[PDB]
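Chemist: First the structure, which I've put down as structure tokens, then a few questions once you've had a look.
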Amino acid sequence: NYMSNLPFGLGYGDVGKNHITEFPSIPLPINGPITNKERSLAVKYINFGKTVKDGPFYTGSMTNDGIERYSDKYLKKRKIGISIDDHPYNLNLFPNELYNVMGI
Amino acid sequence: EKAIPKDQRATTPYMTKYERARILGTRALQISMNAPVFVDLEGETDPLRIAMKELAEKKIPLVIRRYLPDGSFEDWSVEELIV
Amino acid sequence: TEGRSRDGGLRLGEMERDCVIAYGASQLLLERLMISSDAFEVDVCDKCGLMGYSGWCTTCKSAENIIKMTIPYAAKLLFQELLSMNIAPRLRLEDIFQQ
Amino acid sequence: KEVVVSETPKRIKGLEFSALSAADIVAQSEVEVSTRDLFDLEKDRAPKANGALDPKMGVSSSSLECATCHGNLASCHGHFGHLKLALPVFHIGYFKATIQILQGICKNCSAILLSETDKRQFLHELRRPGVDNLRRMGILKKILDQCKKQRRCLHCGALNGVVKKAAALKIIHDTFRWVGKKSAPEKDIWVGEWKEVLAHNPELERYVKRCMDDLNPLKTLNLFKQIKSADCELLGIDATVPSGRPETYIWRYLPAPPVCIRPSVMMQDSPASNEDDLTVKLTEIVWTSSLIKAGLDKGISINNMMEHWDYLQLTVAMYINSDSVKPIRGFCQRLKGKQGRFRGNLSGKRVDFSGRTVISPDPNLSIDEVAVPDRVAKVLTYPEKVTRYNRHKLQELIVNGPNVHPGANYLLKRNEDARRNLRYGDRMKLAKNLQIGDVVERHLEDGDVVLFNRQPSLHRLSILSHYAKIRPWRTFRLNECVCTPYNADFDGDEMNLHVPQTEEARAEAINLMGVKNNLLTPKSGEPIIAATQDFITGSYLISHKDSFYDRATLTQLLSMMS
Amino acid sequence: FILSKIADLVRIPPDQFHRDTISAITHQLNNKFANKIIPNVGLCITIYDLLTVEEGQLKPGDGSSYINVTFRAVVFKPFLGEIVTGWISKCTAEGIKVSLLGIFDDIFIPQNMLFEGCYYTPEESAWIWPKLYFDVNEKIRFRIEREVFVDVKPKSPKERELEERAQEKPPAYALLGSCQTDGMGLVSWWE
Amino acid sequence: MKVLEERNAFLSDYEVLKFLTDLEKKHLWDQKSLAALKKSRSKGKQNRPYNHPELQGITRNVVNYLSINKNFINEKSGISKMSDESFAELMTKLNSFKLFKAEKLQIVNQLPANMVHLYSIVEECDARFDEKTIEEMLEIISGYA
Amino acid sequence: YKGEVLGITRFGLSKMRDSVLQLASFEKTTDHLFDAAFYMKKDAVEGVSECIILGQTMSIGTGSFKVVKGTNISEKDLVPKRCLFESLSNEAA
Amino acid sequence: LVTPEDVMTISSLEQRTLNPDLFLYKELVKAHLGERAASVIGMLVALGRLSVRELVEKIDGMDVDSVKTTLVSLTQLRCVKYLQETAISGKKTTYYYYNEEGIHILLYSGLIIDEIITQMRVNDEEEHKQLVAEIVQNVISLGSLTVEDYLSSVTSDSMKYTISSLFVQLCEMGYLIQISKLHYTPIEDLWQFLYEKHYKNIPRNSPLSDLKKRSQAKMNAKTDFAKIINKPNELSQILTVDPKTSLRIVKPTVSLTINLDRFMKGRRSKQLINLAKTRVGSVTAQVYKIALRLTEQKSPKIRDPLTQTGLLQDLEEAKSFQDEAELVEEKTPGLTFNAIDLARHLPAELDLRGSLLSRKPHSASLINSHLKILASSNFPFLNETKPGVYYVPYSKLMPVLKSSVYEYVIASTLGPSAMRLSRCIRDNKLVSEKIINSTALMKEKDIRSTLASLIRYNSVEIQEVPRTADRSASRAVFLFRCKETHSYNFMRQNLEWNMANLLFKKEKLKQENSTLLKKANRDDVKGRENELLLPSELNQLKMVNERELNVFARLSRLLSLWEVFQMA
Ligand SMILES: [Mg+2]
Ligand SMILES: [Zn+2]
Ligand SMILES: [Zn+2]
Ligand SMILES: [Zn+2]
């Protein structure tokens, strides 16, 4: 009846609960104590990527009121973003389809 | 999506049997939903019979939209479709 | 149900369906085969074409994309049986209107 | 508050078929079923948590609560549950899919058996705007046969051969099918290995035969999880969306169906409720999964474990489709058959508001009329909505009530959700209080549109639309002129009468299927509703050249004629 | 008060085929936007007029006329430099619950952007100033700076059932004020 | 449903007043709504099966807020009596005054008779001008006062 | 009409239809369903069999056209009206 | 019991179905560049070859200008490969691959700058270290940096003079290689362009037949591919020119791109030296630290000279590629060195005096003795063709190094009986249910429990033994196998998926701390984080910053695990 099938080494208490661990657990040893070198590596990681995002290499972007407040008149501009076409590049590394976007 | 203007219309100027059946069904459903009628009932209470009388007096206020296979369409008012 | 003893209905089979199709009666097809046999008001998520309950996607857990429509309970049952196997028949929905 | 809520009518445009990834199966599932048991003696046979019939997946009766939607049998849509299987198993429905997929790649480095610049011409051809099912199958067959021919993979050349199944439901691959009189470092490795085996066995000399590259479900799943998305399109599995990964096509999670999918009958044989085949099968599958899960933590005999693991691949086979040696009704047994799912319930089903009785002749009935018994007209109804045009008539019908024929059985008020049985409730008050949006389910009346059908329904004129005429006897009477399209002969013949319930269906019926509109067969255009035997004989006898009538006889004949 | 053009599909029942279609469409648009708040667009008072009224189309089962309509509607949308005369109705020690005459009253004004010296007390004292203050249910004046549209609502049916058994962001459109400039807060501080 | 564009043409706060007044006079009169009618429409759902809930309240709240006197100080309802020609004779001052701003809707319905009020309605007002062009605007927007 | 003589058999019906539900309702339901799920087919709902199975209106006969109701709306009552403040604020620049 | 709603939100079950090659790369591009470029690179992974129109009709973004911008940003990041395929019967259009190794410059950025700081012979000076760090950070952020831009950018001419000085060193070392067409086209398409020309070059009616004409065509194609690949991989033609009365200069017009191959040679040397530091004591492990450093600069290719990825390896007479690889390894004389060559490069700190005990001052005898013990060591670190002059072999070191690293990873993963069983399954080819007992003598219960815990991965291969014609594993006992290739495969998916999980966790914490991180990374706020900040908000920023330092530390520790399994 599918219930008499049991190996001799196996028990009856262990079966029937099932479920299993929500996430399999084996504590990895690559989480060891920090060093000064590793902290500085985290720091330089932080400066990098932030460097490219503060640069013009984002291409990810997808109070916008039609009336201009007198405060917004003669107010400091946010930032003149350096355009993708503005940055000088080498033509020979880039395709012909990609030439029309750069300011030649 | 582009309506063929009324001045030129390729499809037949005759109401088909399917168009007549669907117009009668739609108008009868509208009447059964207490829509005003434009004919003399003379005691008629059946929405289908009232719709048939409306079609006879050519007074059903619906237009048939015949879509062509190319995605376009042209409109034919029930009155201007002849039986 | 299936029998005169259990007050069963008459089966409109494949041949009768074919006759009604040959007549060109779409609304009668709908009325006999859904409205008067099994008309279930299911909840369908527009994002993933999966059936929900109580206007709740219970797969996207948002209820924003849940819309309401009537399908045969046979269709509901077949979709749920397909989901029992590893077949996901996702429904893709468009507006009747907007031309 | 009171933020705007928008509803827009919608229709099903198409169906995207795929497989549910393990993420999707848990995402849809509202409970995990882990316990092999459905009821305990300690809870007095009550469905409790995590069992096969756990309430969270639905309820098997109208007097129960789901705890997921808190709905009875009439309101719960059924909710799914998921199972976690240790050591996954093959998919029976996708077995040939797995066979062809393992053909396309190499089992050594998990790289496709195709050249990175050869079949890309056919790939770009696949983006032809006009591609049919024939083109899809042909191009996929060409790709499959090309990678079947390709023995050596460009990442690791290990001579992929045949990917046939077991002589069972095991997969065996021939690593050295196309080797002969040739020497390789792989050949030296294999020869040395099997010399180390033949050096410690008095009997394995015969049994070294066969013993080729076996492909178990776990090995294939671990191989499937090594495939990059780059060559998914060649395998015909679009990996744009999640669950397009081939590894989701190996049985890892079991989506235990909702209770409504597999109902449990009440008071069957024993006072105890009777479960069904699918629930029993999933209980057994859960039991074996728990056993195999236990065997991981104790280290049971693997050969004994191989017995239980193989039974999993056998028990889920009949669970999906009982094809291996047999009354076990699987999921594909539900869908396949004359009384299955598609041909029995999807296009073709049983309908409400229909009747069937013996048919009798009636010449005084118009050819476009059918005589309906008053007894079946008092139960078959039409849902007439109250308008400004018929309110008085429907009030009279409500006053008549359900027991005299020009009456009504039910009233559905405009602002209510349940119809009022007209057996009780002082129908005079309801008739007085009729509104202009109420629905009165009134008896079938003279002139109602009914469908009328004889089996077998050979041609479309096997069903025609007639006007009802309510008569005192118990038969469906019809004019004998319209017997020919029905092929009926008043000798115990029974015909089915359908009452269309909506206005649009009623108008369609009487305008497209009406007897008067269908006097000609559509196969040739020749008339098919015309004189039958006695009508022909009487006409011939009247028009016979020896027939002379005086004025009195002639006028009586004309009066009988009209 | 600013207009805004919205495109929508209205359903005219066969009951309302007799009344002129302009009034029928406007009536349906009102019953859909009578006092409703449009998500992340503002609060709707009524419909101004109608612009594009397409021919009404019928689905094969309803019989009602479904009309694609574009319309201009009046939406109450202060942006940055708006002055209003609100009527406070509730006072709590987290920023006074300024209110209107039943239009929409869930807007809050924090104290930090309000006058610096104004502080709340557990003993229910009105205000403390270094020289004038005000009581509740009286004129006020403030500004509008930023708009946060609460457009999140992930509610599970079982959680709703528990809530109903037991029985928060009530609005999807709110306002914030300030009295950084002298004179704001009351209209009769002098003269 | 989809909103075509959020920011349409502005409203002068007399145009909305006459719009709501026209609403009330065309239908949903408040004096007649106080009156009772035992028969009603007799159709079943109100007069000519129609009713105006949740719209009468919103068209009355705004008109009441406008009909309360403008809070230039602690007689008129304040918006009732300006005619189309009354606002159409004010061009010579309204459009000759230069503000470089669409903040006109603020002074046409609120805050006359105080210098700080315009100081808030237009920001940085005194630095932009603080010599003599600060009182005739007051006198004229209080011309209706 | 496909360029070759295709019979009316199970193999012939797999001509250009791609309608997995229609094919299942004809014959060989489970193999076609599993093939569609594995290949991730995206068949539309256009067949009368699929329309019936899904409870949709078929596009044949009375469903081969649309019924439309003329709104009878003139063009003089659709232009924007009672608007001068925007023109004032425009000329004010 | 865990709720299905509870899992897949804290359990990360939906991430477990993600393919690591798509998942990690998409996450890296999403974190660094943007969401649109991430979608582009993810779709390029999902479909290897596609045009711009394929992006237009397969992604939500359909605009032509916007996809142009995002694709040119991706190409400038050296993350995309292109090729212009010509259809002679009509208009031709270019396709687009994706650069697998180009995104490592993004990933290895911190490691790349760590080694640019650590490696240099002159690093004590604080200013020089900081400027070289800045220059490498700029070159990796910009892709191809040009001295034409940089020299005009710098304000001080003497500062400009050091800039041109560092570059010649950076190009000799190999950290800066002249970017060209070779860094944007697929290997197999290069091979097909070189393979078709030599098939069209043959005049008709030759006495030879197809077999030998194809032989000569593939031979000539291999030769010309080797030439065209060996010209720019190592070269100094940019820096060769020297103007009158001036220092040596590089070409300023050309673009300088930071390379990766020699950096990974340095990382591999670092991992081998770390192995030695673990393997042998610091007296001669400190010696070995530089022994590879004098051969790492011109060390040969690590996995494939790109003549193995662009073409099918071989069918009959397959050993040719391995034979020629080891042949070149033995032929190259520069890689071979003598003890006299290593005496000039040893630092003053090392003494090499008490390092040897012959029986139970930079002396060329003793370094030669370390070199003999290295070559005589069980692991083949060095080979001795002629007395005294040895060389580093890779024809046999790679399989054993891969075995050791994978096996000790499995050991760190499982229990001691499990590593013992794996060791037996490895050394003993084709073990069985009784051969395990004969070769183990351990407790069968725990042996089999660990065996079951080890079947889950691709660690040991199972077999079916049919006693009858029909194959049933239950009827008769079954044997085991090795199949190490699947094991080396597994260490790619699991580790890549784990790295992708770390990147996902970091980006998700960023997503839920966006406003705090924005108020953090502001110029006037920077260096002043303890004043203009609320108490609780400051504490929150502090703890989340420690959390991301922790995630970066774990990321860095994991980054010493996958480059080894990325070899051949
Ligand atoms: Mg008979
Ligand atoms: Zn969904
Ligand atoms: Zn439920
Ligand atoms: Zn391979």
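Following Swiss-Prot, chain C shows residues 1051-1149, kept in their order.
Method on record in the header is electron microscopy, 2.6 Å.
Using N, Cα and C of the backbone, Cβ positions are placed for all residues, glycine too.
Positions annotated as Zn(2+) binding site by Swiss-Prot, on the basis of similarity to another entry: C:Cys1095, C:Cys1098, C:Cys1107, C:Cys1110. What Swiss-Prot records for C:1095-1110 is zinc finger.
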Chemist: Taking only same-chain residues 6+ apart in sequence, whose CB is under 8 Å from that of C:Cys1098 (Zn(2+) binding site), what do you get?
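Modeler: Expected: C:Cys1107, C:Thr1109, C:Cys1110, C:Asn1115, C:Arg1140.
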Chemist: Around C:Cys1107 (Zn(2+) binding site), how many other CB atoms lie within 10 A of its CB?
Modeler: 23
Chemist: Around the recorded Zn(2+) site, report the further residues of that chain (criterion: Cβ within 8 Å of the mean position of the Cβ atoms of C:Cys1095, C:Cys1098, C:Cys1107, C:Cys1110; site residues excluded), sequence-ordered.
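Modeler: Near the Zn(2+) site, beyond C:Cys1095, C:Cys1098, C:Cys1107, C:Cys1110, sit C:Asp1096, C:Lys1097, C:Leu1100, C:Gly1102, C:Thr1108, C:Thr1109, C:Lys1111, C:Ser1112, C:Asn1115, C:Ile1116.
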Chemist: Reported in the order helix, strand, coil, what are the DSSP residue counts of the zinc finger (C:1095-1110)?
Modeler: 0 helix, 5 strand, 11 coil
Chemist: Just counting, how many other CB atoms are there within 10 A of the CB of C:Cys1095 (Zn(2+) binding site)?
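Modeler: So the Cβ neighbour count for C:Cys1095 (Zn(2+) binding site) comes to 24.
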Chemist: For ligand 3, which among the binding-site residues C:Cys1095, C:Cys1098, C:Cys1107, C:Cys1110 have a CB under 6 Å from it?
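Modeler: The qualifying binding-site residues: none of them.
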Chemist: Applying a 10 Å Cβ distance cut-off over all chains shown, what neighbour count does C:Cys1110 (Zn(2+) binding site) have?
Modeler: 19
